[PDB]
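Here you go, one structure.
Here the chain labels run A, B, C, D, E, F and G in written order, and each chain numbers its own residues starting at 1.
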Amino acid sequence: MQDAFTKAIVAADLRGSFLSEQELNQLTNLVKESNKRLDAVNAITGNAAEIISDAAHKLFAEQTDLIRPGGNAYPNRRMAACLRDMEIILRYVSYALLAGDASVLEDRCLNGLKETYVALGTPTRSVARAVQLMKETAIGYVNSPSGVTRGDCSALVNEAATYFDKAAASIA
Amino acid sequence: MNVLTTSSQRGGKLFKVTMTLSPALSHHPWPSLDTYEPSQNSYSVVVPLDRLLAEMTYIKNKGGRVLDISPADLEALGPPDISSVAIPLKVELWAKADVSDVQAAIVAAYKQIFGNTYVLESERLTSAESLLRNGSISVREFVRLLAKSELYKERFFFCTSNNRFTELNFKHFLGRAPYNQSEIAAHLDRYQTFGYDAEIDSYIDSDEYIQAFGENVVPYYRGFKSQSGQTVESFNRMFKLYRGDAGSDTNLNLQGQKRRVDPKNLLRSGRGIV
Amino acid sequence: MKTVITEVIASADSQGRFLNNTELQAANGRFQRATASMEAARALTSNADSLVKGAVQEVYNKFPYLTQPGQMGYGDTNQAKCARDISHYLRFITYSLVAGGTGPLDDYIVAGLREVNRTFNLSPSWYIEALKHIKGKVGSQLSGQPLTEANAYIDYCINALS
Amino acid sequence: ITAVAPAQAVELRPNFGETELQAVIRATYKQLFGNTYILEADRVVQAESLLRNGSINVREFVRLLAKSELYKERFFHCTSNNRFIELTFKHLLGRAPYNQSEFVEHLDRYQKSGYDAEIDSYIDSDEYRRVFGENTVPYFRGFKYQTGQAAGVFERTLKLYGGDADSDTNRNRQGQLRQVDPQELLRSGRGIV
Amino acid sequence: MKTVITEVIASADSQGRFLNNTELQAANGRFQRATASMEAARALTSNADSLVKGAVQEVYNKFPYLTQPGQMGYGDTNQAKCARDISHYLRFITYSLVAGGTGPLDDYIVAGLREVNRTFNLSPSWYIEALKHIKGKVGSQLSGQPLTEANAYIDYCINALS
Amino acid sequence: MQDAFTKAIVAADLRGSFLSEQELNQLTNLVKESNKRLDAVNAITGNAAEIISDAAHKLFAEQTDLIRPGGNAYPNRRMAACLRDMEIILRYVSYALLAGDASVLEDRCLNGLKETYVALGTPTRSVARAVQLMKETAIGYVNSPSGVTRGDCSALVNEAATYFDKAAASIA
Amino acid sequence: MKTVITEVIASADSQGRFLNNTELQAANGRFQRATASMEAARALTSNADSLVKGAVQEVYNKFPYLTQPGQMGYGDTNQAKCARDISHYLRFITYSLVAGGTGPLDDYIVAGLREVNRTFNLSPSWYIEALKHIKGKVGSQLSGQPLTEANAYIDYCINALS
């Protein structure tokens, strides 16, 4: 598994080199913003259930076919599987966010996922949408939390978004 | 074990393996004789890199045969995107060509006929292109000229079996996969008694070819769309045949020019005689 | 690759669990400790080569028969491959410093070490003595928590070789 | 009574129903954790989801359960390393250990390669593969003379199997101890392995 | 019992390995974090009495019907067992604060929660609402990293109940 | 598994109480001395091999019977087992030292150990001695290390000793 | 303990099977071979004294520096423990000769070898050189199939140490 430092190290090694002063300071900056990062990961963990629930309510509000017989979130067994997948993806997105690298998300979650869903008959476009809704709400929480020091978290909100967007793209 | 998700746990490179097992690995717990499930005749399992050497050794011992090893992450990105080629762009050469109208045709015939391999500039058929430019020959005529050339003979024929050659031929010349086992056989017997050249003519003078391409149209893909007198399983063969925009026919593969359409698969569409 | 971040994530994942206050507290340690680590890293980075030539020579001075003909500290190629090897170690030490864990050392030098050294007739003693020397000189390039970090990883290599 | 073990393994007969899958999941938890209650919040829902999707076999599901932190808390952190090895033989292989050499090899592997490599060593064993395969849940075996056994395994597996109401439960005041004697373990072999 | 210290030790033991710089960095996080944690702990400890009475009442104010006859917020024994239960939660929150991890919550309240609540006809909604209220008031007893810690654990309980 | 805090918590809970101001400050002091503790654990980790080696050399210097045929550290297989056990015990002593509690040592290492050795014919008194030698050298290292800030580590040296002494007592 | 006899019995037992013609043919090999083996054994047995002193010295002649002060070929105790160790090897070679297999070598010298040598700072190179020398001299004590046997086992030890 990689994190943002480990990634630097692998690229340096492929040159046969000690880390460039370029790469050093990029990593010094990651340490600089790490308290914000911890709050951002904490924002997701602290509202995981609601993020999934709210995404869910809204997914089925839009796509009332999934909860009809014939639909891929019917009966209870399938809805529980769908709720479970929403949690799994939100979980690996939070891991990537602590790590500063998408690899755990791509390697443990996204790799093969689309082909799984197609084999199952699970409508990937609906799954992509559920991921887009989790993103909206998750970032909502990253931006408006309990008595965190005021500052600018937009860099981290972007990065979190790209992890949500990776997952969506990979699946649709 | 089948089609996978993810790659690694601690970290790995997962490889998925495929074998053919004896009742030595897997048997039912029944009263007699040891048998594995008939549908797991060739079974596949995804193993992270360290357990991999140990697994292959075990499988080989207790009797199985490894059929393949391929990284899991290669195999997770699906099947090809086919949007560029579901419905292509036709290129056709007009009566009084415009000087670069004809430039369009040559680049495309090359790409399509040679199956997206690079044809380097030393390599191109210049005298033949001269002919098309002056109108002495037509686009179908030119298309036949490339096929009988050494460059075509060399990257696609000389180094692979006849099964493969014919399967490539259908893809290049006709744009569609080969529908039947009979098609393969009918062709192999022709090459054997009339030679390579007669056999090449047989796709370019065919009724199927003539309808779709006529004579001034560069052969273009057409097997991702329903056709006539096409078995239904020839639309899955097309995925096996074309691997994406960046894929190509390539004889430079490490393993060499090989198949792509399983012989077992062809028989599913019907078996007769001759 | 073992870092505080990867470790806590691994532990969460394996219990099917979101990161919680236990895991985020851990991460803060790694981030709070980056400044000392990265100061050690910069000092070890700029004052580099001579450490290799110093340790290479010391292997021959401690094992004189080494630099004699017919021996493995003789000729340009042995002495070249030696400098390179110590340089590999220092390189991975800096990586381990920057990464926040032993991962780079574990994955690129420790995994397989003995098998390789045994096939190629390379004595660990040389490498320990290269590292003991590097440890002596790093005493005056750093101090405080950067020195402790440098030491942690040098010693980690010496234990890997014993 | 150990009426119940003569055994009859349960499995994923290609084309399993959700009821048969839930019976397999309940059987794997009863085997790996004994008669100890597991709260629904403590279940490895990720590993159950992978087995539901057919993406893992029963062997790999047993591997994920034995590597789970719940198994470490109950059996590894609450017992002595020798009692842990006795219980891992009980849970994964359905038998007592054959000789004092198996303990020394497993103790040495655990010291050199850690917990996860020690769990993999039982599951990748040719004994696990030969007699459970990929699709059979682990079950108690020490009541049948098995090929290449040691007659003292029957008595030791009886000492390790206090019956269908016993708990390898880690709370019994004293807490996690040992149950097969070192003197009695030594009869059957003793070597300068 | 899950703490940063027990987690790193567990991970070392399971690989048959001495604690290394990765694991000691982790531990420093837990120790550096103790001050904020323990301030939250002391504030939650001395306000316990009122935090509990505040949350108990709020369960009845949000679910008015509970306090009518024939209901589960009626009579001395129900209302007594309620105060006690919220008190259990606050107690384990302080323990989790002091311990440096969710262990006390995981072992004494989370393991088994749903089975118990389901057999006894206890709705999680009450308990979430008790905790939401406790979270509102703890906004003005603490601030900065002590508040973040208090929040981390209160929220952890709310997610355990959803 | 327990650490020093977890121990406090278990005793508090058995009273049905929030931690006593007594117990709180005992734990505040453990946090106070934690940098020293980290150096002490680091002293052992950084010299593990030599601690075992030096203990070993000296054990067999004293007890030359163990390395004769008939002896419990003969032939190579048995010596490797004995060297391995020295490492295992030093390892759990270092874990206890990071934790501020002996429980991991008692529960994962010492529990049943004596009866194992007696079953094996391993002379427990010799094993106890090997543990006493590891203690001498380990503490040596805790007390005289590389450029650590000067101060008083005697409290921690005592506590480390009791873990070595627990093991010895438990085994002999 | 691995011998032809124990191996075939192990293989029968593990298939729950009486010894059959396959297994008895195997045993005949071991018995037919005993004469050459045991001649090698008797020659190695009576020359033991000098084979050991010859190899011990050769370790110092090939690694001159070992015999200087501060080194591991210096003082009565090192040089004593060396003779002993080579004597152990020759002893197990004779046992393996007599036993009809590598068992005695596998169980008493190979199992654990590297761990021990690594903890005690013993270089395999010495031991290989002791054995290479013993192999040189055994060229003129034996010939034919007794020499081949002696060689088989000496070489087996040298491969165990590489």
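In this text, contacts are C-beta pairs under 8 Å (C-beta built on N, C-alpha and C of every residue); 3 or more make two chains touch, one makes a residue touch a chain.
For reference, the UniProt names are A, F = Phycocyanin beta chain; B = Phycocyanin-associated rod linker protein; C, E, G = Phycocyanin alpha chain.
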Subject >> Higher-contact pair (C-beta pairs counted), A-B versus A-D >> reply: A-B
Subject >> Repeat of interface C-F, chosen from F-G, A-E or E-F - more than half of residue-number contact pairs shared >> reply: A-E
Original post:
How many angstrom between the C-alpha centroids of chain G (Phycocyanin alpha chain) and chain B?
Top reply: 60
Original post:
Taking each chain's centre as its mean C-alpha position, how far apart are chain C (Phycocyanin alpha chain) and chain D in Å?
Top reply: 40
Original post:
Once you find the CA centre of chain E (Phycocyanin alpha chain) and the CA centre of chain G (Phycocyanin alpha chain), what distance in Å lies between them?
Top reply: 66
**OP:** Return the distance between the CA-based centres of chain A (Phycocyanin beta chain) and chain F (Phycocyanin beta chain), expressed in whole Å.
**Re:** 43
**OP:** Quick one: which residues in chain A (Phycocyanin beta chain) touch 2 or more of the other chains?
**Re:** 1, 42, 45, 48, 108, 116
Subject >> Junction residues of chain G (Phycocyanin alpha chain) - those touching two or more other chains >> reply: 107-108, 111, 119
Original post:
chain D: which residues touch two or more other chains?
Top reply: 45-46, 53, 55, 69, 76-77, 111-112, 116, 192-193
Original post:
For chain B, which residues count as touching chain D in their complex?
Top reply: 1-2, 4-5, 10, 25-29, 37, 39-40, 45, 51, 54, 58
Subject >> Residue numbers on chain D that touch chain C (Phycocyanin alpha chain), as the complex places them >> reply: 44-47, 67-70
**OP:** Please give the residue numbers of chain D that touch chain B in the complex, ascending.
**Re:** 9, 11, 13-14, 53-57, 116, 120, 124, 126, 129, 133-136
**OP:** Within their complex, state which residues of chain B touch chain A (Phycocyanin beta chain).
**Re:** 3-11, 72-73, 75-76, 78
Subject >> Footprint of chain E (Phycocyanin alpha chain) on chain C (Phycocyanin alpha chain) - complex, ascending >> reply: 2-4, 7-8, 11, 18, 20-22, 24-30, 32-33, 96, 100-103, 149, 152-153, 156, 159
